[PDB]
Every structure is written in structure tokens, then in C-alpha cells.
Amino acid sequence: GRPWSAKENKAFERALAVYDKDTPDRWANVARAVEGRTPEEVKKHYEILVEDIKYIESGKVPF
């Protein structure tokens, strides 16, 4: 399954809205709603989103 589809991503984005940054077990709640994606897979997707925004804002990939 590995790369994310358009529709997986849209679901992911909806899930970030329903389960806010304060939600405990945030990735597990998000992954439960995103069919066929594990908590750690969902956590990695978020990290890549954060890094992408950081690159856009600064012009350097974060480490």
C-alpha cells in the first residue's frame, strides 16, 4: 500500500481536525479512522507534513 493516495490523504486531513493536537493517543485515533494505516505510519505522515511546511517557510529541510 505504501505511498499515500489522494483519498487517504483527505481522510488524514479530516482526521487531524477531529482529533486535535491535545488528543491523547492521537495517532492511534487517526489511524483507526484511516483504513489500512497503522499509528506509526500515520505519525510518519504528519512528520513529513511538518517538515514540508518547515521547508516552505525557511528554505531548508529540517533535521
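Residues numbered from 1 in each chain as written, not as in the entry; some residues may be left out. Heavy atoms only, no water. Residues with missing side-chain atoms left out of burial classes, pairs and counts.

Method-wise, the PDB entry is recorded as coming from X-ray crystallography, at a reported resolution of 1.90 Å.

Per the PDB entry, the recorded name for the protein chain is RADIALIS, and the organism is Antirrhinum majus. The title attached to this entry in the PDB is "Crystal Structure of the MYB domain of the RAD transcription factor from Antirrhinum majus". Under the heading Function, UniProt records this for the protein chain: "Involved in the dorsovental asymmetry of flowers. Promotes dorsal identity." Within the UniProt record for the protein chain, the comment given under Subcellular location is "Nucleus". (UniProt positions renumbered as here; feature names shortened; annotations may be inferred.)

(A) Spotlight on the pattern of salt bridges. Counted under the stated rule, the structure contains three salt bridges. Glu-8 is paired through a salt bridge with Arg-37; the nearest N and O atoms lie 2.9 Å apart. Of this pair, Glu-8 sits in helix α1 (residues 6-18) while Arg-37 is found in the loop between α2 (26-33) and α3 (39-58), placing the two residues 29 residues apart along the sequence. Each member of the pair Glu-8 and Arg-37 is classed as buried. A salt bridge links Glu-47 to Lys-43, with the shortest nitrogen-to-oxygen separation between them at 3.9 Å. With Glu-47 and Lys-43 both in helix α3, this residue pair falls four residues apart, about one helical turn. Residue class for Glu-47 comes out partly exposed when judged on its relative accessible area of 38%. Under the relative-accessibility criterion, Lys-43 is labelled partly exposed at 39%. (Salt bridge = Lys/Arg side-chain N within 4 Å of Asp/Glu carboxyl O. Helix = DSSP H or I, 4+ residues; strand = E, 2+ residues; numbered from the N terminus. Buried < 20%, exposed > 50% of the residue type's maximum accessible area, 1.4 Å probe, protein only.)

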